[PDB]
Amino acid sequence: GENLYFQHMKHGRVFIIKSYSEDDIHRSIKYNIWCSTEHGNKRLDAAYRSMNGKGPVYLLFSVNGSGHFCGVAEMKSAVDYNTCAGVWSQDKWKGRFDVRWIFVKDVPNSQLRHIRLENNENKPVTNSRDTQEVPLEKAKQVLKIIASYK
């Protein structure tokens, strides 16, 4: 058989999201919202707005030190930078944007550590920092691995 679904798109951008907090992951799944750092929010906002709805901005979530990704979400709005403070575990985040979680599933780093990022010094995708962008051809490979893991 074959899965040629992901191997076909050109308009799409994909970012790693790191979270120190398991509580924040749960709150994001529950309420379909997220917030990054200042520079992270700016990165995501720029990608969402220049995508202008002609493709998805995907977010690959991983809790720092957990050893695995925990799921996939799509950005669903621009960054609102002036919102209620202290809704996350730490009060160091300013703003909010909408997401839609697509997959909630733990995927061990062992399944993904062979994919390396030419834009991040050929480092494994599993050694990324928050809002590291993933080149589309590597992003396709990661997404197929996540969707097929069981």
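Numbers follow the displayed sequence, beginning with 1. What we label the rigid core is the largest C-alpha set whose atoms superpose within 1.5 Å from one form to the other.
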| property | result |
| --- | --- |
| Which of 136 to 144 and 10 to 18 strays further in 9 other deposited structures of this protein - Cα RMS after rigid core alignment | 10 to 18 |
| More shifted region, core-based fit in 9 other deposited structures of this protein, 43 to 51 vs 83 to 91 by CA | 83 to 91 |
| Stretch with the greater mean C-alpha B-factor as recorded in the entry, comparing 33 to 41 against 50 to 58 | 50 to 58 |
| 62 to 70 versus 23 to 31 - greater average Cα B-factor per the deposited record | 62 to 70 |
| Criterion, highest CA B-factor; candidates, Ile17, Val142, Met9, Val14 | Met9 |
| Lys123 by Cα B-factor - lowest, middle or highest third of the modelled chain | middle |
| CA B-factor placement of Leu117, once the chain's modelled residues are sorted into thirds | middle |
| Within-chain third of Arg100 by Cα B-factor, per the entry | middle |
| Third of the chain, ranked by Cα B-factor, where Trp88 sits | lowest |
